[PDB]
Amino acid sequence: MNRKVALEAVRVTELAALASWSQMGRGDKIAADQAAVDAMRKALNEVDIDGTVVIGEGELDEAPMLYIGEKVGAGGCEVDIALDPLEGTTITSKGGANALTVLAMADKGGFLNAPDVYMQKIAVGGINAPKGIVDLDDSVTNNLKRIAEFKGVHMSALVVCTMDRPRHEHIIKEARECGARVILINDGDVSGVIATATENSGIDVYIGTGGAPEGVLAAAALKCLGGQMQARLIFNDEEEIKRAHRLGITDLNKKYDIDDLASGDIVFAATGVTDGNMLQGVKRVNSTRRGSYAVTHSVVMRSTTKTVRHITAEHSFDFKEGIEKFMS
């Protein structure tokens, strides 16, 4: 995987973010999603890779663009592509927190090719955090006690993050019972997991159930940032089992370690759409010095080197024109 591919990925997430931002607060999640898919597909076909989508918008049946197996790129090293054109379609449509655009790449087979099913998740940051510090079969109490001890703080100092859903009431009750602070996000458990390893996020642990593709994407970032995560797929009906079987997943009760979700040489890239726990959103900026531009905030990271790059980009634009000129 050529060093060139890493920094090229940020252009993809930036262009998807700008397209998504033009639909921010338009009340239309489908238009938000399609703006991102279109921008990302077009940008990805300029990237010098021999790319196969292993996580994307869906099966070819249901998704015309960025479907599983689709071939993308202008030609280059062979890579598996995990992508999320718009993490937070509903978020973006109402301008909520934590919307992102996300692109990750691995050598062939480096990702768990996750089906569209739910996934139990537990994640903690820290480059020195050991394997086994968290696991999903241990109680919440016992996981937090270990985390607090490793971080060297009282339990009440820890900030635990989960989604505000009925399915999480027991995580929340238990975490609070042993003394921790638990904050709720409305959506965007990609940002919420990655935040555990993000300097100054204010989030120490993530515990929740959400999308499985999102779990792999977040593991890909934690692999570069440092941290630990365990995940397990959930299967509620026979169609979900069939989706897994079609992707080669047959050990349904497997507990996945972070190395099982994303392994080898991983590149992770993301751009903020709205302000979130991980990344700032797109903003309109005026200046006499340079004129008006849209500013994006992005991150690109690589697991092998552990180089993490924070990128602020200034994109020239006349806001006298319609904002949908940021589409494609």
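The numbering used is simple: start at 1 and walk along the sequence shown. Superpose the two forms; the largest set of C-alphas matching within 1.5 Å is the rigid core.
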**Asked** So if we fit everything on the core, which stretch drifts more in 4 other deposited structures of this protein, 161-169 or 247-255, C-alphas only?
**Response** 247-255
**Request:** Please pick 221-229 or 238-246, whichever has its Cα atoms farther from the shown form in 4 other deposited structures of this protein after a rigid core fit.
**Result:** 238-246
**Asked** Looking only at CA atoms, which has the higher mean B factor in the entry: 307-315 or 21-29?
**Response** 21-29
**Message:** Please compare 215-223 with 134-142 and say which has the higher mean C-alpha temperature factor in the record.
**Reply:** 134-142
**Prompt:** Which listed residue, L247, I91, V190, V159, has the largest C-alpha temperature factor in the record?
**Reply:** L247
**Asked** Among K42, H297, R302, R289, where is the Cα temperature factor highest, going by the PDB entry?
**Response** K42
**Message:** Quick check on the deposited entry: does the C-alpha B-factor of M229 sit in the lowest, middle or highest third of its chain?
**Reply:** middle
**Complete:** Entry-reported C-alpha B-factor of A63 relative to its chain, by third, is highest
**Message:** Based on the deposited C-alpha B factors for this chain, I'd like to know if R243 is in the lowest, middle or highest third.
**Reply:** highest
**Request:** Ordered by C-alpha B-factor within the chain, which third holds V285? Give me lowest, middle or highest, please.
**Result:** lowest
**Request:** Determine, from the deposited record, the chain-internal third of the Cα B-factor for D38: lowest, middle or highest.
**Result:** middle
